[PDB]
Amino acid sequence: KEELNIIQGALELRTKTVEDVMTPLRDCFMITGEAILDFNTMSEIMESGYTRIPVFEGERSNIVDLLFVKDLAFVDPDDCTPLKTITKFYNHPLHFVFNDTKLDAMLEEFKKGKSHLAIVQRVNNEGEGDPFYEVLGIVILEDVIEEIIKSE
């Protein structure tokens, strides 16, 4: 029954990590900061079905901003407005989390906050020199909910 799947999903929030349920970067729907909000761009955005779109610059691992489809409400597609312009105005916060972060805590961070999206990253000491932050993908609240209510 569902009750069992949920409880089991709850217990596993202790062991499991954001890396276990995240959406790997290569599968993430992203957009470039050098984008122009013409009718076409905005069409491709509203068509994706996504509410939150990560904004990258140069590489996909260089997530620099967060686009909400809600931010395109007053954008006129005939102004051919740059995305930089909007992201500068709204400037929604970016939240980063580590790959080893447990799901029970991530959920807790998600609940206190309007943030339901976080960038999963890890530490790459595998240099070649200075260790740095490597982006792995993004995790959203729906990702942990699913690991709770799914059957297993």
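In this text, residue numbers run from 1 along the sequence as written.
Read off the CA B-factors in the entry, average them over 53-61 and over 123-131, and name the higher stretch.
-> The entry gives the higher C-alpha B-factor average to 123-131.
5-13 versus 19-27 - which carries the larger mean C-alpha B factor in the record | Higher mean C-alpha B-factor in the PDB entry: 5-13.
Residue, from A35, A118, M42, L66, that the PDB entry assigns the highest Cα B-factor = Going by the entry's C-alpha B-factors, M42 comes out highest.
For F89, return the chain-relative third of its C-alpha B-factor as stated in the PDB record: lowest, middle or highest.
-> Answer is highest: the recorded C-alpha B-factor places it there.
When the modelled residues of the chain are sorted by Cα temperature factor, does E109 land in the lowest, middle or highest third?
-> Ranked within chain, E109 CA B lands in the middle tercile.
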